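Chains as they are written, first to last, in the working numbering: chain A, 127 to 564; chain W, 127 to 564; chain Z, 767 to 816; chain B, 335 to 434; chain E, 2 to 58; chain F, 8 to 69. Let me begin by presenting the structure, written as structure tokens, before commenting on it.
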Amino acid sequence: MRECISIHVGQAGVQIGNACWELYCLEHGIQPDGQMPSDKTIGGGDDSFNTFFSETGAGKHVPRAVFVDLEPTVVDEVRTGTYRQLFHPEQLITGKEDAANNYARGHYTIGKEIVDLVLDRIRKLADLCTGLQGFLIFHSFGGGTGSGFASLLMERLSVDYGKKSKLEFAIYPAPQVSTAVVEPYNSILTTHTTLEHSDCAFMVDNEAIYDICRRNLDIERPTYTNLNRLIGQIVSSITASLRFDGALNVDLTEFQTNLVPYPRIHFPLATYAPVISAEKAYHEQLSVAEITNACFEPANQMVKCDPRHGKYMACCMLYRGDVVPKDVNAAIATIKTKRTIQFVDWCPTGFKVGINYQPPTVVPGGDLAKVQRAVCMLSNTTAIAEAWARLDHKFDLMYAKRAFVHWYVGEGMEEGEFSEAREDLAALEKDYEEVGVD
Amino acid sequence: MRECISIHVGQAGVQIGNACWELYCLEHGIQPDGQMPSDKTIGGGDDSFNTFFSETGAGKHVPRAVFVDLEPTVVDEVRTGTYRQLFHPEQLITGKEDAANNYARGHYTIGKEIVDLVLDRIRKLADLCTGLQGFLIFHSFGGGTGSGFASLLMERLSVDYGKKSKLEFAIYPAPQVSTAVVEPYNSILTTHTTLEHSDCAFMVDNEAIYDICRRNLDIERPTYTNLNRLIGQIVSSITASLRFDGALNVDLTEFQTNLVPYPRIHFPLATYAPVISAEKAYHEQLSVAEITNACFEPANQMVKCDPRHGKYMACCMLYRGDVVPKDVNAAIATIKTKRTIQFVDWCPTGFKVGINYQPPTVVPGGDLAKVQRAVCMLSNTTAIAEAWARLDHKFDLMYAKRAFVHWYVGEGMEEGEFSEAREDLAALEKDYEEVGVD
Amino acid sequence: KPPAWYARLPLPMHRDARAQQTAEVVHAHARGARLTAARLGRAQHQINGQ
Amino acid sequence: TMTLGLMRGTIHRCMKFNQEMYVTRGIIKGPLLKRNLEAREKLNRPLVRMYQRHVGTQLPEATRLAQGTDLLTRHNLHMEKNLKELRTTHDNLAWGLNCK
Amino acid sequence: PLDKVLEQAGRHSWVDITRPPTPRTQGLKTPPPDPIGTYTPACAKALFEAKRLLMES
Amino acid sequence: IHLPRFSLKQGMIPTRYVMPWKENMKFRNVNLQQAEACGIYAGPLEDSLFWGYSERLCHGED
Ligand SMILES: Nc1nc2c(ncn2[C@@H]2O[C@H](COP(=O)(O)OP(=O)(O)OP(=O)(O)O)[C@@H](O)[C@H]2O)c(=O)[nH]1
Ligand SMILES: Nc1nc2c(ncn2[C@@H]2O[C@H](COP(=O)(O)OP(=O)(O)OP(=O)(O)O)[C@@H](O)[C@H]2O)c(=O)[nH]1
């Protein structure tokens, strides 16, 4: 119907999907057993879940996702936890070795012998589905093993299906914190692969997630549990359009047609406004005006860049809860007329609005509040250039001093692609600044 | 609509606002809970409270003020106090360092990292505002810390808001009591940095405040409870015209228009006539004649400036309670017929009346009597030339011996600015001279 | 009084100066308009007169 | 060592030469509040437009405004460039002191 | 106040169309016929035709 | 071929503008006449001085 198919890769990107389903079960009342109550929702599988679960004749919800990973540890843990019945067993595919952050080792030594199995799984789901608008890919640019493997998977998908769009997410390289030194290498490789086959790619950074958490959620010692809970809320908001209905409805096809102006550059940034602590929301006030002011406030954006230096291209926004077009238009007119917000003359307007009536739902034991006016903001800007500005000037030094080149050549790759990667990146910066120039 | 915003800087500038909101909450039925009696007065914030409390849907009156400071002691105290649940959670902004009374330190070393946050607070208040007539800035010239931040933030809110009014109350240097050696220095810096942006500035001499206190309130050991309560009543009087009705109503715009003759010199003085105690009120009578004569008494002023030394040009009478224009104009005619009072040839008339029917208030544990006829005497007179003369002939000595300047030069400023300040003060004083000439 | 008002370039308070530089140029045209209005009006006046 | 002492005075003068010109930018670029800006008779003053009337050419005020803003920006850039050199030279001298 | 403006304008004998143009009464003469100023030729013709017609009047 | 040519971006110019000498309906024919009389501009049947938060020269879209 209006359904998608999901792929998670990496001990980076598996627990995030785990949290995603921990959220997605409640709003359909999916008991961890997997079976619906005495309510007569079961049948062929037709109800709001019909976009994520194939509740086929067994009366059980089966997610339409696959977890591919190269280390049995975390996958065996999660399949021995509580949700093992909920997950499909061999929709969980696991290897026994890693790539040790090496893109090329994982792209040439291990990839050739599990791709057949995973393509078999995706075909066996694609047959039983009917519409299949697209896919939900999760990996990491700091991919210790997900990076190259996912690049090859995405190549094979691009060459097998050419009749739909793909959504890419990435926990981005932390600009000034680096947990890995193989990070610049695998990041540059993954980028200059993705740019020409990634349909719509999104970046987030976790340092600024920490910053959000201790600015307004005020929690001084959170964990991944909280971080991934926030990210799952984000993706839930972006697909609420498919989930429920409303006054006007939007779709990822419109997302593409209305966010990307031209070829290549298709790399927006997300933001979520109404994150707040319990007592704060308890005895303070919420409405469209202040939530919009906060969403455009420069420091709430979870990627370290300055909109004041930047200039915007386009802006899609999703309002979830209870809202009316009168306040909508008033507030958006004020924000249009605001002064600091620089808008390019190539766009007279840039605003794509969405309204949906279902309030977001909190996970039991969660950390955010009981909000009634949620909003996700998806903006395209020229403020993204700073990341590449930093990355190129790291890469040129570390690659002109060429450490670890022995490591990479020890398995069959060498510096040709290292040259064309930085050159593709250079083309990227020049086009960014050129289109930024009016 | 009709509302303003309150700004409080400096641990001098904190307990004053503390007592002010004490009086405010007493008068508008506000309880330490923050919710009214079972009477229906709760809504979106549209009634008498709507000028200083945004009692939003949470039912909690949320004051439209901000308290900032550089040292956490007093702010954590008022967090531990009784009113903290009323006070907004992070409307209390606190640094962790002092300023050594050094205006330069508080303007350059530390101010560069707090002005941004306070600007964010100010904008998020002004947006929910609708009318935004003005602010109420409370700092202190002899401020132990409130000098540099007051200057800088006042400058920046000027450059971001170019039209609205600014009201600035300060404590003046004590002409014969020096609790701070570099106070004259801080004073001259504040003056020549603020006069070109400051809109309406009032001063006051706490020595003369105490003098009034043991003159007619006949207590030989008054305290800050009393000293703050009096100015709180004063500000209640000045905002009465907005809070209640009257035969004629005046506004701060009228104040600035008809109270300042020329540009530059914009420094009037106040006085409260019926500063009388329980027993004297209880067995002595009240009426327009004696209240007028009392307010025009040459000694009950809170600033040492003898009118016979000076000369008048402007007067604003504000009568609160029950009162009649008949004896109002009769009494003003009598005062004009009086010869001691000296109105310059420039102004044949300089008098503005303002009437409120509503009578002012006592407070539980109060030090004041039961007032029925109340008056603010807000007058502008030439009597403050000596005020600047005393401080200039003080300051020139310390500069000619250049004492203590090593601190300032170490923190990072220079001396041509002091030179400009000294000549500015000389210019102002000579201007006082020509305007004194008729 | 050492003069310094020759050219430089920084303008810390300039908005209002230019705003009042609009004042004479807006007024002069109104003065001309009232002059010609006077002559045409009186012409009309005694025309209708006869 | 004496030169290191000399340096700070020029440092302070140059640093002060930035704040007021940012202030000038702010005070020539309106309030950045359209909402209360009109109280100063928004640029196109009703009297000015009604003056236009038959029009026949208009005010050069926008041109002069842009002229001033541009000049401010140019001198901003020059001062920032010199500023960035300053501290590095200062601290290289400091490290030379330490080695000595 | 049209009446006071015209009398304080200087020239007393405005010609008033009818009255002869007194050679010395003309003080402040109008700006030249131009399309932009407050002397468009549309009125410049009209004053003349009205004047001569009132002459035959 | 002609192309539009505006000025740079500011914050003090309003998004729209009227041109009362072309927006007055009563005196329309007369002002049409002095338009050519001054020889200033008519050009395209559609222009606006303030298209959006910016301005252009007198020569309308040419
Ligand atoms: N996507 C995702 N990334 C995470 C998460 N937690 C941390 N990260 C970051 O993502 C990176 C994980 O990538 P890798 O370590 O290369 O994972 P991998 O390629 O699957 O293989 P390994 O080398 O064995 O981990 C780390 O550098 C972390 O900084 C998470 O929960 N999800
Ligand atoms: N506003 C106010 N001023 C007071 C009060 N009590 C004393 N003062 C006077 O206000 C001045 C306080 O200045 P400071 O002590 O420097 O206050 P500050 O600059 O904010 O910083 P600190 O020195 O850290 O307190 C003193 O000179 C007192 O004479 C009061 O309760 N309220």
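Don't be surprised by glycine CBs; every beta carbon is placed ideally from N, CA and C.
query: Taking a cut of 9 Å between CB atoms, which residues from the region 23-44 of chain F lie near chain D?
result: The question asks about chain D, but that chain is absent: this structure's protein chains are A, W, Z, B, E and F.
Between the CA atoms of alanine 495 of chain W and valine 488 of chain W - distance to the nearest angstrom: Approximately 7 Å between the Cα atoms of the pair.
- request: Could you say which of W/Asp432, W/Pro387, W/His187 lies nearest to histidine 409 of chain A if we only look at CA atoms?
  value: With distances taken between Cα atoms, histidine 409 of chain A lies closest to W/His187.
query: Looking at the unbroken alpha helix (DSSP H) that takes in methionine 539 of chain A, where does it start and where does it end?
result: No residue range can be given for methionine 539 of chain A, since it is assigned to no alpha helix (DSSP H) and is classified by DSSP as neither H nor E.
- request: Would you mind giving the Cβ-Cβ distance between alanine 396 of chain W and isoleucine 360 of chain W, rounded to the nearest angstrom? I have them listed as a contact below 8 Å.
  value: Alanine 396 of chain W to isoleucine 360 of chain W, Cβ: 6 Å. Contact.
message: Report the start-end ranges of each beta strand (DSSP E) in the region 316-356 of chain W that is 3 residues or longer and not cut off at the edges.
response: Fully contained in the region 316-356 of chain W are the following beta strand (DSSP E) runs of length 3 or more, in chain order: 326-328.
- request: Keeping to the same chain, check which residues put their C-beta closer than 6 Å to that of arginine 249 of chain A; ignore five residues upstream and five downstream.
  value: Non-local beta-carbon contacts of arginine 249 of chain A in its own chain, meaning distances under 6 Å to residues more than five positions away in sequence, are absent.
- request: Say whether chain F places a C-beta atom closer than 8 Å to the C-beta of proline 34 of chain E.
  value: By this cut-off, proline 34 of chain E is not an interface position.
- request: Whole angstroms is fine: what's the gap from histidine 318 of chain W's alpha carbon to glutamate 543 of chain W's?
  value: Rounded to the nearest angstrom, the gap between the Cα atoms of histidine 318 of chain W and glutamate 543 of chain W is 10 Å.
- prompt: Considering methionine 280 of chain A, what are the terminal residues of the alpha helix (DSSP H) in which it resides?
  reply: Here the alpha helix (DSSP H) through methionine 280 of chain A covers 272-286.
task: Round the Cβ separation of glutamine 411 of chain A and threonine 182 of chain W to the nearest angstrom and send it over; I've been treating them as touching at under 8 Å.
output: Contact check for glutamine 411 of chain A and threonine 182 of chain W: beta-carbon distance about 4 Å, within the 8 Å limit, so the pair qualifies.
- prompt: So which residues of chain F does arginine 499 of chain A contact, with C-beta pairs closer than 7 Å?
  reply: Chain F residues near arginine 499 of chain A: none, gap ~29 Å exceeds 7 Å.
message: Assess contact between the region 454-467 of chain W and the region 426-443 of chain W, defined as three or more Cβ pairs (one per stretch) separated by less than 8 Å. Is contact present?
response: Result yes; three or more Cβ-Cβ pairs closer than 8 Å.
query: Which of helix, strand or coil does DSSP assign to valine 414 of chain A?
result: For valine 414 of chain A, the three-state secondary structure derived from DSSP is helix.
- prompt: Taking the alpha-carbon positions, what's the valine 376 of chain A to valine 382 of chain B distance?
  reply: Approximately 46 Å between the Cα atoms of the pair.
message: Counting only beta-carbon separations shorter than 8 Å, does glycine 67 of chain F have a partner in chain A?
response: No, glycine 67 of chain F lies away from the interface with chain A (no Cβ there is under 8 Å from its Cβ).
message: Out of A/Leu378, A/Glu223, A/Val201, A/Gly272, which one is the CA nearest neighbour of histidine 214 of chain A?
response: Checking every option, the nearest Cα to that of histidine 214 of chain A belongs to A/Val201.
task: Measure the C-alpha to C-alpha separation of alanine 399 of chain W and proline 301 of chain W and round it to an integer number of angstroms.
output: In this structure, the alpha-carbon of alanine 399 of chain W lies about 23 Å from that of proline 301 of chain W.
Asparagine 410 of chain B versus B/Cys348, B/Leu338, B/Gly343, residue with shortest Cα-Cα distance: Cα-wise, what sits closest to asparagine 410 of chain B is B/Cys348.
query: Which residues in the same chain have their Cβ closer than 6 Å to the Cβ of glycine 237 of chain A, if we skip the five residues on either side of it in sequence?
result: Here the set comprises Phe275, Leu278.
- request: Indicate, with yes or no, if ligand 1 has a heavy atom lying under 7 Å from the CB of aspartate 224 of chain A.
  value: Because some heavy atom of ligand 1 lies under 7 Å away, the Cβ of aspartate 224 of chain A counts as near it: yes.
message: Between which residues of its own chain and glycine 260 of chain W is the CB-CB distance below 7 Å, once the five residues before and five after are set aside?
response: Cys130, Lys290, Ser291, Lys292, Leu293, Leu378.
task: Reducing DSSP to helix, strand and coil, say where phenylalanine 193 of chain W ends up.
output: In this structure, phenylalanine 193 of chain W counts as strand in the three-state DSSP scheme.
field: Exposure label - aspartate 195 of chain A; buried when at least 16 CB within 10 Å
entry: Buried, by the Cβ-count rule.
field: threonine 466 of chain A CB to nearest heavy atom of ligand 1 below 7 Å
entry: Flag unset: Cβ of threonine 466 of chain A not near ligand 1.
For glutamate 559 of chain A and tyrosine 534 of chain A, the rounded distance between their alpha carbons: Rounded to the nearest angstrom, the two C-alpha atoms are 33 Å apart.
message: Under 8 Å: do the region 298-313 of chain A and the region 253-268 of chain A share three or more Cβ pairs, one atom per stretch?
response: By the criterion of at least three beta-carbon pairs nearer than 8 Å, the region 298-313 of chain A is in contact with the region 253-268 of chain A.
- prompt: Any chance the CB of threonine 383 of chain A is under 7 Å from a heavy atom of ligand 1?
  reply: Checking the Cβ of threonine 383 of chain A against ligand 1 gives no.
- request: Using 7 Å as the cut-off, classify the Cβ of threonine 182 of chain A as near or not near the heavy atoms of ligand 1, replying yes or no.
  value: Flag unset: Cβ of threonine 182 of chain A not near ligand 1.
Straight-line gap, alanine 515 of chain A to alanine 773 of chain Z (C-alpha atoms, nearest Å): Near 41 Å, if we compare the C-alpha coordinates of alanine 773 of chain Z and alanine 515 of chain A.
task: Assign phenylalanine 57 of chain F to one of three DSSP states: helix, strand, or coil.
output: In this structure, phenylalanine 57 of chain F counts as coil in the three-state DSSP scheme.
- prompt: Under the DSSP definition of a beta bridge, which residues are partnered with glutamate 294 of chain A?
  reply: Answer is A/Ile263, A/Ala327, bridged to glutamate 294 of chain A.
- request: Under 8 Å between beta-carbons, which chain B residues line up against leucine 15 of chain F? List them in chain order, please.
  value: Chain B residues near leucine 15 of chain F: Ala400.
message: Does the region 400-414 of chain B come into contact with the region 58-66 of chain F, if we say contact requires no fewer than three beta-carbon pairs (one atom in each stretch) closer than 8 Å?
response: Not touching, per the Cβ criterion.
- prompt: Closer than 7 Å: is that where the CB of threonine 235 of chain W sits relative to any heavy atom of ligand 2?
  reply: Taking non-hydrogen atoms of ligand 2 into account, the C-beta of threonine 235 of chain W is found less than 7 Å away from none of them.
query: Which one or two residues does DSSP pair with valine 479 of chain A in a beta bridge?
result: A/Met443, per the DSSP bridge assignment.
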